[PDB]
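Cβ coordinates were reconstructed from backbone atoms using ideal geometry, including for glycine residues, and neighbour counts include every protein chain displayed. Every number in this text was worked out from the coordinates using simple rules, so none of it is lab data.
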Amino acid sequence: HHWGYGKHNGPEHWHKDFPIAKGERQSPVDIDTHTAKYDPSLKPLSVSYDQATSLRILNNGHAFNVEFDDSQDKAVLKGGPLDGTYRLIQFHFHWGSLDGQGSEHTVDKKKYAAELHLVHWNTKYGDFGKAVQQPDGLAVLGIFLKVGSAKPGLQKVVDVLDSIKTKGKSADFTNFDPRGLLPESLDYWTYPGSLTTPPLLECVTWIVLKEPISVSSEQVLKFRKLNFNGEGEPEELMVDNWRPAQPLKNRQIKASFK
Ligand SMILES: [Co+2]
């Protein structure tokens, strides 16, 4: 049926409509820190978000997306394992019903409360729709969230969520600075993988930061008040919208640090 994260249409069902779900480079994965190889040939990441133009926030029935103007090189990711320039198109989170789960990637099987995905597309391909058809089409920056002190830069997001409680609702969301969601260190792990939602295309260079950000219990509880359903349908809280770890298969995770 229409895919989601429930008992009958969750991740274990996706392969029936999207056979690539059992592919050779699916995401997310467990990051075994002892096994990842330090790769001194790797460059530092270049995150250049100073001219980012946020536009809107949308509840799409799976998560909420903060969308950006990607019609110019305003907010880009370069360097690290990447060739060329990748433009920020949107960010979103995955989170749990409880603080013990919610992330998609895991680190030595540790699950974080949530995971932020900053999604960027390779410019060489002109638009997002074309980029997802290419093995180097997307670069997604993954950042773990743990529960502890509040993240000041996240509060503007948390506060608009009650205006987009249900599927299909959107709201204006301008002048948001995504630099306020980054941890101090840009040390990372990287590997080739996929989108973690249908259509699960194998088009992503994943860059997962080692350092988590902290958010407060109150901030994540507001995430969990969102809904998967549309307005005036039975309430299904938007929680546990994460895909579990997939087989690593023939892939190597590289580390940018020692
Ligand atoms: Co995601």
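Overview of results
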| read-out | value |
| --- | --- |
| Ranked list, fewest to most other Cβ atoms within 10 Å of each Cβ, for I207, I213 | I213, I207 |
| Ordering of 111-121, 167-177, 229-239 by packing [mean C-beta count within 10 Å, highest first] | 111-121, 167-177, 229-239 |
| 11 Å cut-off, amide nitrogen to a point 7 angstrom out along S149 Cα→Cβ, residues in the range 34-48 | none |
| Chymotrypsin sites (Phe, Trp or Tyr not before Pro) within the range 62-104: DSSP coil, no more than 11 neighbouring Cβ in 10 Å | none |
| 19 Å Cα-Cα threshold exceeded, pairs from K146/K222; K124/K210; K210/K254; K74/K210 | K124/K210; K74/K210 |
| Positive-pole candidate from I31, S170, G148, dipole of the chain, charges at beta carbon | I31 |
| Label-point separation, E211 to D187 (7 Å along Cα→Cβ), nm | 0.9 |
| Rounded, prolate or oblate (a/c below 1.5 giving rounded, otherwise prolate when a/b exceeds b/c) for the range 103-186 by Cα gyration tensor | oblate |
| Cβ crowding within 10 Å averaged over residues, with 131-140, 246-255 ranked highest first | 131-140, 246-255 |
| Separation of alpha-carbon centers, the range 77-101 and the range 220-254, rounded to whole Å | 15 |
| Rg/Rh (Cα only; Kirkwood hydrodynamic radius) as it applies to the range 138-226 | 1.00 |
| Sequence-distant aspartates and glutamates (8 or more away, or on other chains) whose Cα lies within less than 16 Å of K169 | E67, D159, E231, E233, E235, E236 |
| Whichever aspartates and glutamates have a C-alpha closer than 14 Å to that of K109, once near sequence neighbours (fewer than 8 apart) are set aside | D30, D32 |
| Spin-label pair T33/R179, simplified geometry with 7 Å Cα→Cβ offset, distance in nm | 2.9 |
| For the chain, alpha-carbon Rg and Dmax in angstrom | 17.2, 54 |
